[PDB]
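Student: Quick one: this structure, given as structure tokens, is what I'll be asking you about.
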Amino acid sequence: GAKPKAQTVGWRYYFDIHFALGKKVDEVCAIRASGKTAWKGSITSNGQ
Amino acid sequence: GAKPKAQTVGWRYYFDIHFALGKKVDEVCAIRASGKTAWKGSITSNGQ
Amino acid sequence: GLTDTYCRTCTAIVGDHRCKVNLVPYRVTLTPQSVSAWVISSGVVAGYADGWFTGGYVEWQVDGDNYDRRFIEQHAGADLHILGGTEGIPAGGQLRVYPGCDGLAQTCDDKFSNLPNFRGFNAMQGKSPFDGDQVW
Amino acid sequence: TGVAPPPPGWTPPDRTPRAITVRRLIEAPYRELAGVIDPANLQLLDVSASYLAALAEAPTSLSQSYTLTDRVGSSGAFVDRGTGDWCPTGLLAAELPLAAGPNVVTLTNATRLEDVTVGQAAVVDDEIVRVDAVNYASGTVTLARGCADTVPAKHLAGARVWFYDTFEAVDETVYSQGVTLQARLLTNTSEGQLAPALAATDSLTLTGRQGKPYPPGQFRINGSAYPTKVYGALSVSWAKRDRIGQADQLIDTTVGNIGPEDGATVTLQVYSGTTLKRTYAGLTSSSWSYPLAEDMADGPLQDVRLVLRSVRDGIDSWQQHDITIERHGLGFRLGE
Ligand SMILES: [Fe+3]
């Protein structure tokens, strides 16, 4: 008939994962995925 | 012009594969693929 | 030197520096009733639930300030099973017996209330990767 | 042995599609057809044309969309009509009083509140409202009352609000008025599709909602909106709404005249609380006053019911205004 009011071209997937990096760690600097720097910084205490 | 009579959004692929699980086996219980239980049961004789 | 596994159980020997559990309140001092080749029986422990002492060890003074320790295979009623036999145990000597921790989180908290120090991973993940094939 | 093995394995996700518990069916008003149908095809549409739409809420976070299945009448085979996304919705914590203009309302159990956008069209019960402001954390939004082809009405606490704008499943087939449909919504997940046997059923009766003319807008009596106190002379003001001119724009009651529609007039019914006494039709002005001639004949009417609607070619608006007002002044309520 005509262009639909909206089209579902793709889905956005959300997951909540809990993981451990090993024994006690001092500082986490950056996260890299697929060759792209997702986040860079520094945290030294439990937080968000 | 207008919405096509039909749209080819995807293809369904069919394959016929022959494989061996090793030497003589007694019973096949289940098949698991991608973490999902495709089939569960038990067969002890040649059949479908 | 690995000393690390991501399993459900505690992965810590009760009383170690990681469990941080004080066993002195749980110390029980008793004189055994009868000693056999493999079983040491006492009526005082008969008042505890079966398996209360399982995983614990028995220590008694040999000479001076030195004690000899023996682990317990199983505890059932008034009878205690000693690993490797009861040879060398004095029949009338004073014995100190400590309990044992199974390692399960329910066991850790209900009995000892040491859940905050629980070193095990009960239900964080068993296999779930983030690079698998099909999430569902 | 002493140690025991605890459960932890893989904890497989529980997809296991469930049937939809919250849902609704509606009739598409002219507002959406104006903005989704080209003028060339729209102008040829008859006044009796009707369209069907459905809204649903996600039962679980593991469901992405649902499939729409419907059939004509109570017999026949369902024909797939498409899939639609989940419609954000919430529950009213407090009653919404009858009052035009923006109103602040708090929502409870809100779902997908983040994706809501200002200017969208929201429908509750049988009233269409426009969102003016949104508070993500507290779920407080401002709603414009009496918009499009609807009029304000009392909504008790617990009424469901649907933000159907850009979140509705529409069946493109055209159905005439008076036909009863049976439709079901089937949930879709990565594990597969819900079996129809477990899907809830529902029925709707078409009424040609797009065909009927819009009712009057700004309804002010003696300079007051929905007043229970009028001092003597009765003055009622109404606004003229033309559906074609408005097109996809949402205009509330507080806005002034937007011109009339070709062949559209205003009709007013005067009742004595239960009985019909006078009826004035063919009104084309923006105000009407009770003629002095009938005041003595009907005498004092302390309890007066005002009914307002728009009619064209004998087509009455789906909704209408109705309130019982109390009169005060000389000769009215001197028992006190
Ligand atoms: Fe412990």
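Just so we're on the same page: first chain in the structure tokens is A, next is B, and so on; residues restart at 1 for each chain, and ligands are numbered from 1 in the order they show up.
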Using only C-alpha atoms and all ligand atoms, what are the residues with an atom within 12 Å of ligand 1, set out as a ChimeraX atom specification?

Tutor: /C:9-23,55,99-120 /D:3

Student: Create the file for the chosen residues now, containing N, CA, C and O atoms and written as a short mmCIF file (atom, residue, chain, number, x, y, z; two decimals), in the first residue's frame.

Tutor:
data_model
loop_
_atom_site.label_atom_id
_atom_site.label_comp_id
_atom_site.auth_asym_id
_atom_site.auth_seq_id
_atom_site.Cartn_x
_atom_site.Cartn_y
_atom_site.Cartn_z
N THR C 9 32.11 -24.18 45.35
CA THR C 9 32.43 -24.35 46.76
C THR C 9 33.31 -23.21 47.26
O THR C 9 33.76 -22.34 46.51
N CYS C 10 33.56 -23.22 48.58
CA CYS C 10 34.30 -22.13 49.20
C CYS C 10 35.73 -22.05 48.68
O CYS C 10 36.25 -20.95 48.43
N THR C 11 36.39 -23.20 48.51
CA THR C 11 37.79 -23.25 48.10
C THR C 11 38.70 -22.68 49.19
O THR C 11 39.74 -22.07 48.90
N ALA C 12 38.32 -22.88 50.45
CA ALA C 12 39.10 -22.39 51.57
C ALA C 12 38.94 -23.36 52.73
O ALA C 12 37.82 -23.76 53.05
N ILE C 13 40.05 -23.72 53.36
CA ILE C 13 40.02 -24.60 54.52
C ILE C 13 39.52 -23.81 55.72
O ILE C 13 40.02 -22.72 56.01
N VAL C 14 38.53 -24.36 56.42
CA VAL C 14 37.96 -23.67 57.56
C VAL C 14 39.07 -23.27 58.52
O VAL C 14 39.91 -24.10 58.89
N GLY C 15 39.08 -22.00 58.92
CA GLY C 15 40.04 -21.49 59.86
C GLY C 15 41.29 -20.89 59.25
O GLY C 15 42.09 -20.29 59.98
N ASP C 16 41.48 -21.01 57.93
CA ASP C 16 42.66 -20.43 57.31
C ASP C 16 42.60 -18.91 57.40
O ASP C 16 41.62 -18.31 57.84
N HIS C 17 43.69 -18.27 56.95
CA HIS C 17 43.76 -16.81 56.99
C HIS C 17 42.77 -16.16 56.05
O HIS C 17 42.51 -14.96 56.17
N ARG C 18 42.20 -16.92 55.10
CA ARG C 18 41.22 -16.37 54.17
C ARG C 18 39.80 -16.46 54.72
O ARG C 18 39.01 -15.53 54.52
N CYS C 19 39.46 -17.55 55.40
CA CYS C 19 38.13 -17.67 55.98
C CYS C 19 37.93 -16.70 57.13
O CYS C 19 36.82 -16.19 57.32
N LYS C 20 38.98 -16.42 57.90
CA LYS C 20 38.91 -15.49 59.02
C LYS C 20 37.86 -15.92 60.04
O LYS C 20 37.15 -15.08 60.60
N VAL C 21 37.74 -17.22 60.28
CA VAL C 21 36.78 -17.77 61.23
C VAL C 21 37.53 -18.25 62.46
O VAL C 21 38.50 -19.01 62.34
N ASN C 22 37.08 -17.82 63.63
CA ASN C 22 37.70 -18.20 64.89
C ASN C 22 37.09 -19.51 65.37
O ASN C 22 35.89 -19.57 65.65
N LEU C 23 37.92 -20.54 65.48
CA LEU C 23 37.47 -21.86 65.91
C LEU C 23 37.56 -22.06 67.41
O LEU C 23 37.07 -23.08 67.91
N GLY C 55 34.97 -33.18 58.47
CA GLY C 55 35.94 -32.25 57.95
C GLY C 55 36.83 -31.61 58.99
O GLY C 55 37.78 -30.90 58.62
N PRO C 99 35.18 -28.51 64.70
CA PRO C 99 34.24 -28.89 63.63
C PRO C 99 34.86 -28.76 62.25
O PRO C 99 36.05 -28.47 62.12
N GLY C 100 34.05 -28.98 61.22
CA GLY C 100 34.52 -28.84 59.85
C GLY C 100 33.46 -28.19 58.99
O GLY C 100 32.26 -28.36 59.20
N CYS C 101 33.93 -27.43 58.00
CA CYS C 101 33.06 -26.69 57.09
C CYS C 101 32.95 -27.44 55.77
O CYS C 101 33.97 -27.80 55.17
N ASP C 102 31.72 -27.67 55.33
CA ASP C 102 31.51 -28.35 54.06
C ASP C 102 31.95 -27.49 52.88
O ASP C 102 32.42 -28.01 51.87
N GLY C 103 31.82 -26.17 53.01
CA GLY C 103 32.22 -25.24 51.97
C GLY C 103 31.07 -24.62 51.20
O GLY C 103 31.30 -23.66 50.45
N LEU C 104 29.86 -25.14 51.35
CA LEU C 104 28.70 -24.56 50.69
C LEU C 104 28.31 -23.24 51.35
O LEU C 104 28.47 -23.06 52.56
N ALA C 105 27.80 -22.31 50.54
CA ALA C 105 27.45 -21.00 51.06
C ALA C 105 26.39 -21.10 52.15
O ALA C 105 26.48 -20.44 53.19
N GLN C 106 25.37 -21.94 51.93
CA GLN C 106 24.36 -22.16 52.96
C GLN C 106 25.00 -22.72 54.22
O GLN C 106 24.71 -22.27 55.34
N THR C 107 25.90 -23.70 54.06
CA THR C 107 26.62 -24.23 55.21
C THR C 107 27.48 -23.15 55.86
O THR C 107 27.56 -23.07 57.09
N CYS C 108 28.13 -22.32 55.05
CA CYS C 108 29.02 -21.30 55.60
C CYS C 108 28.26 -20.29 56.44
O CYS C 108 28.73 -19.90 57.52
N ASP C 109 27.10 -19.83 55.97
CA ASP C 109 26.40 -18.76 56.67
C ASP C 109 25.49 -19.27 57.78
O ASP C 109 25.45 -18.67 58.86
N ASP C 110 24.76 -20.37 57.55
CA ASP C 110 23.85 -20.85 58.58
C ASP C 110 24.60 -21.28 59.84
O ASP C 110 24.17 -20.99 60.96
N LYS C 111 25.74 -21.96 59.67
CA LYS C 111 26.50 -22.46 60.80
C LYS C 111 27.44 -21.41 61.38
O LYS C 111 27.44 -21.16 62.59
N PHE C 112 28.24 -20.77 60.52
CA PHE C 112 29.30 -19.87 60.97
C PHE C 112 29.00 -18.40 60.70
O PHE C 112 29.71 -17.54 61.24
N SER C 113 27.99 -18.09 59.89
CA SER C 113 27.65 -16.70 59.58
C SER C 113 28.86 -15.94 59.06
O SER C 113 29.12 -14.80 59.43
N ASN C 114 29.63 -16.60 58.18
CA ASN C 114 30.81 -16.01 57.57
C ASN C 114 30.60 -15.76 56.08
O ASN C 114 31.56 -15.75 55.30
N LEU C 115 29.35 -15.55 55.67
CA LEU C 115 29.06 -15.33 54.26
C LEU C 115 29.84 -14.18 53.66
O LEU C 115 30.32 -14.32 52.52
N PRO C 116 30.02 -13.03 54.33
CA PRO C 116 30.79 -11.95 53.71
C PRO C 116 32.18 -12.37 53.29
O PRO C 116 32.70 -11.85 52.29
N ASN C 117 32.81 -13.29 54.02
CA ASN C 117 34.12 -13.80 53.66
C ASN C 117 34.06 -15.03 52.77
O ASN C 117 35.11 -15.59 52.44
N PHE C 118 32.86 -15.46 52.37
CA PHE C 118 32.73 -16.61 51.50
C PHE C 118 33.53 -16.40 50.22
O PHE C 118 33.28 -15.46 49.46
N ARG C 119 34.51 -17.28 49.99
CA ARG C 119 35.39 -17.17 48.83
C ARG C 119 34.86 -17.89 47.60
O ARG C 119 35.46 -17.79 46.53
N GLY C 120 33.74 -18.61 47.73
CA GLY C 120 33.18 -19.33 46.60
C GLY C 120 32.31 -18.46 45.72
O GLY C 120 31.92 -17.36 46.08
N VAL D 3 32.18 -33.15 51.45
CA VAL D 3 31.83 -32.04 50.57
C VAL D 3 30.71 -32.46 49.63
O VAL D 3 30.57 -33.64 49.28
#

Student: Per residue of chain B within 12 Å of chain D, what are the shortest atom pair and its distance in Å to one decimal, counting only C-alpha atoms, with rows by chain and residue number, as JSON lines?

Tutor:
{"residue": "B:2", "atom": "CA", "partner": "D:38", "partner_atom": "CA", "distance": 11.7}
{"residue": "B:3", "atom": "CA", "partner": "D:172", "partner_atom": "CA", "distance": 11.3}
{"residue": "B:34", "atom": "CA", "partner": "D:191", "partner_atom": "CA", "distance": 11.4}
{"residue": "B:35", "atom": "CA", "partner": "D:12", "partner_atom": "CA", "distance": 8.0}
{"residue": "B:36", "atom": "CA", "partner": "D:12", "partner_atom": "CA", "distance": 8.5}
{"residue": "B:37", "atom": "CA", "partner": "D:12", "partner_atom": "CA", "distance": 10.2}
{"residue": "B:38", "atom": "CA", "partner": "D:191", "partner_atom": "CA", "distance": 10.5}

Student: Any idea what's packed within 12 Å of residue 9 in chain B, counting only C-alpha atoms, ignoring anything in its chain fewer than 3 positions away? Could you give it as a list in words?

Tutor: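 Returned residues: residues 9 of chain A; 6 and 12 of chain B.
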
Student: Please indicate the distance in Å from CA of residue 48 in chain B to CA of residue 28 in chain B, rounded to one decimal place.

Tutor: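 Separation between CA of residue 48 in chain B and CA of residue 28 in chain B: 12.3 Å.
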
Student: Please list as a ChimeraX atom specification every residue within 12 Å of residue 67 in chain C, counting only C-alpha atoms and excluding residues in the same chain fewer than 4 positions away.

Tutor: /C:57-63,89,94-96

Student: List as a PyMOL selection string the protein and nucleic acid residues near residue 7 in chain A, meaning an atom at most 12 Å away when only C-alpha atoms are counted, but skip any in the same chain fewer than 3 places from it.

Tutor: (chain A and resi 3-4+10-11) or (chain D and resi 65+82-85+166-170)

Student: Just the residues within 9 Å of residue 323 in chain D, please, counting only C-alpha atoms, with nothing from its chain fewer than 2 positions along; format it as a ChimeraX atom specification.

Tutor: /D:226,304-307,321,325

Student: So which residues touch residue 141 in chain D within 10 Å, counting only C-alpha atoms, skipping near sequence neighbours fewer than 4 positions away, as a VMD selection string?

Tutor: chain D and resid 102 to 107 118 131 to 136

Student: Go ahead and dump the residues you just picked, N, CA and C atoms, as a CSV table (one decimal), in the first residue's frame.

Tutor:
chain,number,residue,atom,x,y,z
D,102,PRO,N,-2.9,21.9,30.1
D,102,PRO,CA,-1.9,21.0,30.6
D,102,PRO,C,-2.3,20.6,32.1
D,103,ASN,N,-2.0,19.3,32.4
D,103,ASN,CA,-2.2,18.8,33.7
D,103,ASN,C,-1.1,17.9,34.1
D,104,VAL,N,-0.6,18.0,35.3
D,104,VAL,CA,0.5,17.3,35.8
D,104,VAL,C,0.0,16.0,36.5
D,105,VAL,N,0.5,14.8,36.0
D,105,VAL,CA,0.1,13.5,36.5
D,105,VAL,C,1.3,12.7,36.7
D,106,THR,N,1.3,11.9,37.8
D,106,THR,CA,2.4,11.0,38.1
D,106,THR,C,2.0,9.6,37.6
D,107,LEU,N,3.0,8.9,37.1
D,107,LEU,CA,2.8,7.6,36.5
D,107,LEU,C,3.5,6.5,37.4
D,118,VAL,N,8.5,14.2,23.5
D,118,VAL,CA,7.5,15.3,23.6
D,118,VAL,C,6.8,15.5,22.2
D,131,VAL,N,1.6,15.1,25.1
D,131,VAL,CA,2.6,15.2,26.1
D,131,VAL,C,3.4,16.5,26.0
D,132,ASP,N,3.5,17.3,27.0
D,132,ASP,CA,4.2,18.6,27.0
D,132,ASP,C,5.5,18.5,27.7
D,133,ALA,N,5.7,17.8,28.8
D,133,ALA,CA,6.9,17.6,29.5
D,133,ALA,C,7.1,16.2,30.0
D,134,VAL,N,8.3,15.8,30.3
D,134,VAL,CA,8.6,14.5,30.7
D,134,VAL,C,9.6,14.6,31.8
D,135,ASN,N,9.5,13.7,32.9
D,135,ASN,CA,10.5,13.6,33.9
D,135,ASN,C,10.8,12.1,34.0
D,136,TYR,N,12.1,11.8,33.6
D,136,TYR,CA,12.5,10.4,33.5
D,136,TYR,C,12.5,9.7,34.8

Student: In Å to one decimal, how far is CA of residue 123 in chain D from CA of residue 316 in chain D?

Tutor: 21.1 Å

Student: Pull out every residue of chain A that has at least one atom within 12 Å of chain C, counting only C-alpha atoms, and report them as a list in words.

Tutor: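 That gives the following set of residues: residues 13, 14, 15, 16, 17, 18, 19, 20, 21, 22, 23 and 33 of chain A.
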
Student: Would you mind exporting the chosen residues as a compact mmCIF listing (two decimals), in the first residue's frame, restricted to N, CA, C and O atoms?

Tutor:
# COMPACT_ATOMS: atom_id res chain seq x y z
N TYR A 13 20.38 -5.13 21.69
CA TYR A 13 20.48 -6.20 22.68
C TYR A 13 21.16 -5.69 23.94
O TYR A 13 22.22 -5.05 23.87
N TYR A 14 20.55 -5.97 25.09
CA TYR A 14 21.07 -5.57 26.39
C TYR A 14 21.36 -6.82 27.21
O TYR A 14 20.52 -7.72 27.29
N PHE A 15 22.55 -6.87 27.80
CA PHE A 15 22.96 -7.98 28.65
C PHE A 15 23.66 -7.46 29.89
O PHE A 15 24.35 -6.44 29.84
N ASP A 16 23.47 -8.16 31.00
CA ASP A 16 24.11 -7.84 32.27
C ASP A 16 25.00 -9.02 32.66
O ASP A 16 24.50 -10.10 32.97
N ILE A 17 26.31 -8.80 32.64
CA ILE A 17 27.30 -9.86 32.83
C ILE A 17 28.17 -9.51 34.02
O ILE A 17 28.59 -8.36 34.18
N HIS A 18 28.44 -10.51 34.86
CA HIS A 18 29.36 -10.39 35.97
C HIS A 18 30.59 -11.25 35.70
O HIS A 18 30.46 -12.44 35.41
N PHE A 19 31.77 -10.64 35.79
CA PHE A 19 33.01 -11.33 35.48
C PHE A 19 34.10 -10.86 36.43
O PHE A 19 33.99 -9.79 37.04
N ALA A 20 35.14 -11.67 36.56
CA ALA A 20 36.28 -11.37 37.41
C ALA A 20 37.55 -11.37 36.58
O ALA A 20 37.71 -12.19 35.67
N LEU A 21 38.46 -10.44 36.89
CA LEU A 21 39.72 -10.32 36.18
C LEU A 21 40.86 -11.07 36.86
O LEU A 21 42.00 -10.99 36.40
N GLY A 22 40.57 -11.80 37.94
CA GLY A 22 41.58 -12.55 38.66
C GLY A 22 41.63 -12.14 40.12
O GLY A 22 40.60 -11.86 40.74
N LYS A 23 42.84 -12.11 40.67
CA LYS A 23 43.04 -11.72 42.06
C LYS A 23 43.00 -10.20 42.16
O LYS A 23 42.64 -9.50 41.21
N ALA A 33 37.91 -3.07 22.34
CA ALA A 33 37.11 -4.11 21.70
C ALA A 33 37.14 -3.92 20.20
O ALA A 33 36.88 -2.81 19.71

Student: Give me, as an MDAnalysis selection string, the residues of chain A that a backbone DSSP run labels strand (DSSP E).

Tutor: chainID A and resid 28:33 36:43

Student: Would you output that residue set with C-alpha atoms, as a short mmCIF file (atom, residue, chain, number, x, y, z; two decimals), in the first residue's frame?

Tutor:
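Writing the result to again-v8.cif gives the following:
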data_model
loop_
_atom_site.label_atom_id
_atom_site.label_comp_id
_atom_site.auth_asym_id
_atom_site.auth_seq_id
_atom_site.Cartn_x
_atom_site.Cartn_y
_atom_site.Cartn_z
CA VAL A 28 41.98 -0.45 35.39
CA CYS A 29 43.13 1.87 32.60
CA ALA A 30 41.18 1.17 29.40
CA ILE A 31 38.87 -1.22 27.56
CA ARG A 32 39.49 -2.13 23.92
CA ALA A 33 37.11 -4.11 21.70
CA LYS A 36 38.54 0.45 18.83
CA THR A 37 39.21 2.25 22.12
CA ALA A 38 35.84 2.10 23.86
CA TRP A 39 36.95 3.78 27.09
CA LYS A 40 40.19 5.18 28.50
CA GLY A 41 40.86 6.50 31.98
CA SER A 42 41.75 5.38 35.48
CA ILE A 43 39.86 4.23 38.58
#

Student: Each residue of chain D with at least one atom at most 12 Å from chain C should appear once, together with its nearest atom pair and the corresponding distance in Å (one decimal); atoms considered: only C-alpha atoms; ordering: chain, then increasing residue number; output as JSON lines.

Tutor:
{"residue": "D:1", "atom": "CA", "partner": "C:74", "partner_atom": "CA", "distance": 7.5}
{"residue": "D:2", "atom": "CA", "partner": "C:54", "partner_atom": "CA", "distance": 6.3}
{"residue": "D:3", "atom": "CA", "partner": "C:102", "partner_atom": "CA", "distance": 5.1}
{"residue": "D:4", "atom": "CA", "partner": "C:102", "partner_atom": "CA", "distance": 7.2}
{"residue": "D:5", "atom": "CA", "partner": "C:9", "partner_atom": "CA", "distance": 7.4}
{"residue": "D:6", "atom": "CA", "partner": "C:8", "partner_atom": "CA", "distance": 6.0}
{"residue": "D:7", "atom": "CA", "partner": "C:8", "partner_atom": "CA", "distance": 7.8}
{"residue": "D:8", "atom": "CA", "partner": "C:126", "partner_atom": "CA", "distance": 5.7}
{"residue": "D:9", "atom": "CA", "partner": "C:126", "partner_atom": "CA", "distance": 4.4}
{"residue": "D:10", "atom": "CA", "partner": "C:126", "partner_atom": "CA", "distance": 4.3}
{"residue": "D:11", "atom": "CA", "partner": "C:126", "partner_atom": "CA", "distance": 7.0}
{"residue": "D:12", "atom": "CA", "partner": "C:136", "partner_atom": "CA", "distance": 7.8}
{"residue": "D:13", "atom": "CA", "partner": "C:136", "partner_atom": "CA", "distance": 6.3}
{"residue": "D:14", "atom": "CA", "partner": "C:136", "partner_atom": "CA", "distance": 8.2}
{"residue": "D:15", "atom": "CA", "partner": "C:136", "partner_atom": "CA", "distance": 6.9}
{"residue": "D:16", "atom": "CA", "partner": "C:136", "partner_atom": "CA", "distance": 9.8}
{"residue": "D:17", "atom": "CA", "partner": "C:136", "partner_atom": "CA", "distance": 11.5}
{"residue": "D:62", "atom": "CA", "partner": "C:136", "partner_atom": "CA", "distance": 8.9}
{"residue": "D:63", "atom": "CA", "partner": "C:136", "partner_atom": "CA", "distance": 11.1}
{"residue": "D:189", "atom": "CA", "partner": "C:136", "partner_atom": "CA", "distance": 8.9}
{"residue": "D:190", "atom": "CA", "partner": "C:136", "partner_atom": "CA", "distance": 6.4}
{"residue": "D:191", "atom": "CA", "partner": "C:136", "partner_atom": "CA", "distance": 6.3}
{"residue": "D:192", "atom": "CA", "partner": "C:136", "partner_atom": "CA", "distance": 10.0}

Student: Separation of CA of residue 28 in chain C and CA of residue 66 in chain C, in Å?

Tutor: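 According to the coordinates, CA of residue 28 in chain C and CA of residue 66 in chain C are separated by 18.2 Å.
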
Student: Among the residues of range 67-284 of chain D, find those DSSP assigns to helix (DSSP H, G or I) from the backbone and print them as a ChimeraX atom specification.

Tutor: /D:113-115,196-198,243-246

Student: Filtering to N, CA and C atoms, could you give me those residues as a PDB file, in the first residue's frame?

Tutor:
ATOM      1  N   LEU D 113       9.704   4.365  29.632  1.00  0.00           N
ATOM      2  CA  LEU D 113       9.524   5.804  29.789  1.00  0.00           C
ATOM      3  C   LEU D 113      10.654   6.590  29.139  1.00  0.00           C
ATOM      4  N   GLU D 114      11.849   6.006  29.046  1.00  0.00           N
ATOM      5  CA  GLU D 114      12.982   6.725  28.477  1.00  0.00           C
ATOM      6  C   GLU D 114      12.756   7.062  27.009  1.00  0.00           C
ATOM      7  N   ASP D 115      12.138   6.156  26.250  1.00  0.00           N
ATOM      8  CA  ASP D 115      11.974   6.348  24.815  1.00  0.00           C
ATOM      9  C   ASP D 115      10.851   7.312  24.459  1.00  0.00           C
ATOM     10  N   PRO D 196      -0.209 -20.297  18.684  1.00  0.00           N
ATOM     11  CA  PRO D 196      -1.476 -19.549  18.751  1.00  0.00           C
ATOM     12  C   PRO D 196      -2.419 -20.037  19.835  1.00  0.00           C
ATOM     13  N   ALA D 197      -2.364 -21.323  20.191  1.00  0.00           N
ATOM     14  CA  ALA D 197      -3.315 -21.861  21.159  1.00  0.00           C
ATOM     15  C   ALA D 197      -3.252 -21.124  22.489  1.00  0.00           C
ATOM     16  N   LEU D 198      -2.094 -20.570  22.839  1.00  0.00           N
ATOM     17  CA  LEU D 198      -1.914 -19.886  24.112  1.00  0.00           C
ATOM     18  C   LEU D 198      -2.165 -18.385  24.030  1.00  0.00           C
ATOM     19  N   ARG D 243     -11.370  18.780  10.407  1.00  0.00           N
ATOM     20  CA  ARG D 243     -10.382  17.707  10.429  1.00  0.00           C
ATOM     21  C   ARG D 243      -9.385  17.847   9.287  1.00  0.00           C
ATOM     22  N   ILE D 244      -9.861  18.231   8.101  1.00  0.00           N
ATOM     23  CA  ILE D 244      -8.984  18.285   6.934  1.00  0.00           C
ATOM     24  C   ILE D 244      -7.892  19.327   7.137  1.00  0.00           C
ATOM     25  N   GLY D 245      -8.259  20.506   7.639  1.00  0.00           N
ATOM     26  CA  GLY D 245      -7.266  21.548   7.840  1.00  0.00           C
ATOM     27  C   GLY D 245      -6.223  21.174   8.875  1.00  0.00           C
ATOM     28  N   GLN D 246      -6.657  20.585   9.991  1.00  0.00           N
ATOM     29  CA  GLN D 246      -5.718  20.227  11.049  1.00  0.00           C
ATOM     30  C   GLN D 246      -4.715  19.185  10.569  1.00  0.00           C
TER      31      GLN D 246
END
